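Novice: here is my input; please provide its structure:
(chains A and B)
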Protein chains: 2
Amino acid sequence: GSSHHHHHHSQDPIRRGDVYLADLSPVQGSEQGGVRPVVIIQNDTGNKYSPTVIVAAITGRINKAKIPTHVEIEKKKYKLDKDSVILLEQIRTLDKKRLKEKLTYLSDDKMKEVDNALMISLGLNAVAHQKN
Amino acid sequence: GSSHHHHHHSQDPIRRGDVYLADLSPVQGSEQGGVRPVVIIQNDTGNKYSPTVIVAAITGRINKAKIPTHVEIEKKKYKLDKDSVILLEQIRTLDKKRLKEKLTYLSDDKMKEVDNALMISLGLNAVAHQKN
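Specialist: Numbers count the residues shown, from 1 in each chain, chains lettered A, B, ... in the order given. And now the structure:
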């Protein structure tokens, strides 16, 4: 009986890896979305002090994760009927007013796909994107 | 004479670090923007095959870069009359139809602020965001 974590959250209502539906809507032109589940990839302090959250769009199916920007998630844990794909290229930043409700939750191993795929997708690879 | 680079671009019309104005507009709720210059933080292949581009919003002045999510840029090179701030928390993804025109250009040092600030801001730190 030692609370390393509490019965609700750390303090942050938005937890990293806790999936929120978001009204990703009035997306411009070729931006993909509408009200869909999104993945919270964001830092810790953004939840605390910023009104803005960075998220990545979830897609049911689209194309096999053959590209380092597409990552797939197990229907089994992620609670869909189908294995879903996260598009690390099709991301955005949405303020807390856009986030509706906690739906789903990611695994630590997919955290690593997510964080990491993201840097390939966004070219910030810590080894330099010109060095592969 | 040995063209390691050509007289225009590599092939990509959008170069990483080449600043485009963007119609960042119909931003939702508390999203910050309108038509403004944005920073191309994106990878290399997104320019080639994806219609989408990831960018971060440029702001004139707002608050001193005391937060690892705020980075400042020299008016001198960046071609403004004021030192501008890039907000790595206030970013988004915009398709090539949003990008208007090349304005400005970043330095390699600021590249490193940008790539790096970004992982703090988005919690994907390659050392884990829980390990500082």
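
Novice: tell me which strands and helices the biggest helix by length in chain A is in contact with?
Specialist: Criterion DSSP state H: the longest helix present in chain A is helix A:108-121. Identification of packing neighbours for helix A:108-121 by 3 or more C-beta pairs under 8 Å, 6 or more residues apart in numbering or on different chains; DSSP states H and E yields strand A:70-73, strand A:84-95. Placement of C-beta: from N, CA and C, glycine included.

Novice: could those strands go into a markdown table alongside distance to chain B and mean neighbour count?
Specialist: Compiled in a markdown table, the helices and strands packed on helix A:108-121 are given as follows (distance: least, C-beta to the nearest C-beta, whole Å; neighbours: other C-beta atoms under 10 Å in any protein chain shown):
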| stretch | distance to chain B | mean neighbour count |
| --- | --- | --- |
| strand A:70-73 | 11 | 20 |
| strand A:84-95 | 4 | 25 |
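
Novice: nearest to residue B:76, out of those strands?
Specialist: strand A:84-95 (28.7 Å; C-beta to C-beta).

Novice: okay, the angle between that closest one and helix B:108-121?
Specialist: Taking axes from the mean of the first three to the mean of the last three C-alpha atoms, to 10 degrees, one finds strand A:84-95 and helix B:108-121 inclined to each other by 100 degrees.

Novice: so which residue is smack in the middle of chain A?
Specialist: residue A:39 (2.1 Å; C-alpha atoms, centre = their mean).

Novice: tell me where chain A has helices.
Specialist: Using DSSP H, helices in chain A cover A:45-48, A:75-78, A:108-121.

Novice: quick one: which of the ones you listed is nearest residue B:19?
Specialist: Closest among the helices of chain A, using C-beta to C-beta: helix A:108-121, at 20.1 Å.

Novice: can you list contacts of that closest one?
Specialist: Contacting residues not belonging to helix A:108-121 are listed as A:17, A:39, A:41, A:56, A:68-71, A:73, A:86, A:88-89, A:91, A:106, A:125-126, A:129, B:42-43, B:46, B:54, B:119, B:122-124 [C-beta atoms under 8 Å, 6 or more residues apart in numbering or on different chains].

Novice: now with 7 Å, please.
Specialist: A:17, A:39, A:41, A:68-69, A:71, A:73, A:86, A:88-89, A:106, A:125, B:43, B:46, B:124 (C-beta atoms under 7 Å, 6 or more residues apart in numbering or on different chains).

Novice: so which of the residues you listed is the closest to residue B:96?
Specialist: Among the contacts of helix A:108-121, and counting by C-beta to C-beta, the member closest to residue B:96 is residue B:46, at 9.7 Å.

Novice: what sits against that closest one?
Specialist: A:89, A:121, B:52, B:53.

Novice: now, of those residues, which are buried?
Specialist: Neighbour counting with 16 or more other C-beta atoms under 10 Å in any protein chain shown marks A:89, A:121, B:52, B:53 as buried within the contacts of residue B:46.

Novice: next, give me the two most distant ones among these.
Specialist: Maximum distance among these (C-beta to C-beta): 11.0 Å, for A:121 and B:53.
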